[PDB]
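Let us start with two forms of the same protein chain, each given on its own as structure tokens and named structure 1 and structure 2.
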Structure 1
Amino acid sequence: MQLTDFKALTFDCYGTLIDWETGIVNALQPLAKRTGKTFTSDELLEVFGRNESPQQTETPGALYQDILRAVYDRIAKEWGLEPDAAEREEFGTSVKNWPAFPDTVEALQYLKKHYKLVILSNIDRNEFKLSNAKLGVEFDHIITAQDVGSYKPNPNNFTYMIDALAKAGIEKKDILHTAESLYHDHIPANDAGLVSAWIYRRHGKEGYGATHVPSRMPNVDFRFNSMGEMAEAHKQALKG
């Protein structure tokens, strides 16, 4: 099993390609100021992570800004605060400001020479365009939660993706699903019969950050600590 066996990379975006943690910590600062407490980054991230997937179950057809607005309301409620409409809007429209990780553009541009690059992300189409402008590549296919009518880890998100790629001549065996999230991505990839590459962005940190806790450790086929490290691996695999 090696990287060159695959024709397509299918990606998790937020937490793998885009550094959503930096974005969420920054966007929660005004709400946090109202509590009087200094929170650590992990505290902010974990209250997000206990709330985002429940919200996506609650409103599975919501656009992502509406998810984020409702997550703001959930966090405010854990903190004993009444929501403030303008603060909620500033949080919920913050994806425009969530940066790429510093290795992402270079890695994606390299990998685009060798694979079809696909997005399977908990996002809506228009919102994703904002992030795509920070990623430096044309994606061959983009599958969003909006397209499916639900969010990962719903199995239908993976079936939709697999089907779309089959119609473009990419068999399931051709796909390498590339993602940080054990909960959103590699557990349902296991169940869907996909090969997995774990991009362990938090390898040097505690817990899962903004990502929901996974119910088990899925079985992954590759692990890289960053996207640059995946690209460097491919440059040697290609010589074989």
Structure 2
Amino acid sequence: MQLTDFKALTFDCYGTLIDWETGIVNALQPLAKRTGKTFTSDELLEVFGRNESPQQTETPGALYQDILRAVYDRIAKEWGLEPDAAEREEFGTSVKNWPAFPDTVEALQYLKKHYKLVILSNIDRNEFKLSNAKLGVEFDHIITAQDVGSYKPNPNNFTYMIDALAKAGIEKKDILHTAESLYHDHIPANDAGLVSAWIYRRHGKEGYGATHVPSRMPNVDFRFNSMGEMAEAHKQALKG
């Protein structure tokens, strides 16, 4: 079991490559300021996660901005605030402001030299196009919840991706599914028979943050605390 055995990295984006937690914390600041309260980042992410998961209907909405706008309305209500139309508009379009993790671009640019790179996203294609401009590489394949007809962890998202990659020349055993979310990615990757690389982005933090809690702990074949550390492990494997 070696990193170099694989031909394609199939990525989660939001939480693995894009730091969506920092993006959400930043995007909630205008609304939070009106409460007069003081929130930690963990507290804001708890509020976001408790109010976003209900919006994850079985059939995906066409536009992720509609989820964010509905979340804004829910959070304004929870905080005893009246919603503001301009704040809602800015919050709903905020994916374009969500930053990459500081290590992501250099890691992706290295791994692009050696692997086919694929995206599996629950956030829609045009939002991901905005994030992609910050990620420093072109992705060979991009699969969204709108393509599949469901959100991960639905098994259809993984069979859709596996079939797409097979048609592109990548056998299932040559896929390494690389992602932070045990719930969204590694439980269904396990069930689908994929090998997993767990990027534990919250390794130095408490809890799951903006990420849904998993029903079980999945098996993972590789563990890294960052994308940069995955790239370093590949470099070390090639050196012997």
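Along the sequence of structure 1, residues get numbers from 1 upward. If you superpose the two forms and keep the largest set of C-alpha atoms that fall within 1.5 Å, you have the rigid core.
The one residue among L130, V105, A164, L81 whose Cα position changes by 2 Å or more between structures 1 and 2, with the core held fixed by superposition, is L81.
Taking the rigid core as fixed, one finds a CA shift for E52 of 2 Å or more between structures 1 and 2. With the core held fixed between structures 1 and 2, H203 has its Cα displaced by under 2 Å. Relative to the superposed core, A192 shifts its CA atom by less than 2 Å between structures 1 and 2. Core-based alignment between structures 1 and 2 gives a C-alpha movement of 2.2 Å at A70.
Taking the rigid core as reference, the CA displacement of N26 between structures 1 and 2 comes to 1.2 Å.
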